[PDB]
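The chain below stands alone, shown as structure tokens; this is the form deposited in one PDB entry.
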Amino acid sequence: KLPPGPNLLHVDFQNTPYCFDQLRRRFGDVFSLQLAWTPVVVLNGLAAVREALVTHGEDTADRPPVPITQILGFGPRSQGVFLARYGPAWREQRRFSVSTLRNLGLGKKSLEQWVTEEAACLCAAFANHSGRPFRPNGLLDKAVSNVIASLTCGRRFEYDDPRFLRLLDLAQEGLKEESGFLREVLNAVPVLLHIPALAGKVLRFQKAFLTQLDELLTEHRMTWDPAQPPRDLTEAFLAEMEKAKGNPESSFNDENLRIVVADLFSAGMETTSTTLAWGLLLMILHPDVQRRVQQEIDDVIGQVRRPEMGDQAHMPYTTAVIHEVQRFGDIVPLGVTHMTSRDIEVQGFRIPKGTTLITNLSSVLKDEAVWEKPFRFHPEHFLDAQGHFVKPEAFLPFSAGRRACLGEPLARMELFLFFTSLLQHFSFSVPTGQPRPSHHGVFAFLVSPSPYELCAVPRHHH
């Protein structure tokens, strides 16, 4: 009983999410596609995604093999987390990252204070624009990159630092290669790998990004004090590397240190800062909502004191707006692919072993059966009539199951602290004479808002 479907060129790749709406209205919530000899089943809506990732989660936590990553040093015990196959290498790094982030202060007050210190740096770089129009994306990336740089590498960088700039530039470009035509065709057709020029051109920026990290990791190895408890995730990793010398089963090796640190670092940049970029864009398209958040900040926090996570429970409207920015911004619309380890049943359809699953997360965040006004920016999607915060089950921007985004608690903290700090100290607006920016993003693996400019005008002198 396989799922219905049409394939290879009946799929618009310059606007895939809208194409998958058409096939879902045609064939239903679970449909098939055959793309380059790989069988694909697309999952749509909460129940199909939840059935596959939670109910059959034991059989859907694997990823599709990616032989092109062999250039970045990937091997059976060197697989990072994000593209790692389901197995001991993935499980050890995932638990290590999850608990190392926690022990470095994630769920606690030292990280909150760190993030608001970085928000102040970001606020100051905003004020240095003298109320003139500017694209906020670059400074967002730097402020958010410094948070993950702090957790993984034990340091931040100056916004003018050329090494930081190169690091961000290579990462943004290396992300663009993950969803480029060349990358998948050699991952699809493997043999083309050996051809020298094809090997030297693909993942040039991802290989450059890793090279630039090796340089920071080498300096960190110089400054690390093993006689003291690990200050950051790289030190925690290196300590585990030492204990594991002589153990060829450990994923704590030199090949995996650069991959894991790159994984967390690059993920820590591109996600939260893109969401924040949608946030500001939507605050200048909906100044009524901006003003209402600014009112809630004043009644709970004030205009001088820095925000804390203990405020959020008393700020349902600001929490609603932030959730709505993630729901509307829809930053990863087609998720990250999984693959079945067994035959499974989703929505009464049989899905064979070895099928690439596409969790259509956009079809969950914008499900017309679930949300009042899915195609509008509407904070009341997360509010009830008395103004209490409610989170529907369809809020799945981080996916579900054993592979669900391990960054989620850091993202939640960063989103709240950076967002409220910016709105606490500035008033954001479309620039005086410019056309009203689009609310449609540019589709890639990650969906950023269409490029726009804003003006940040302080709310106070003192």
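The term rigid core refers to the maximal set of C-alpha atoms that superpose within 1.5 Å between the two forms. Each residue number is its position in the shown sequence, starting from 1.
Keep in mind that the form deposited in another entry is not shown, yet the notes after this line are about it.
Looking at CA displacements between this form and the one not shown with the core superposed, a shift of 2 Å or more is confined, among 135, 243, 109, 391, to 109. In that other deposited form, the Cα atoms of residue 238 and residue 110 sit 3 Å or more nearer to each other than they do here. Relative to the shown form, the CA atoms of residue 107 and residue 95 are pushed 3 Å or more farther apart in that other deposited form.
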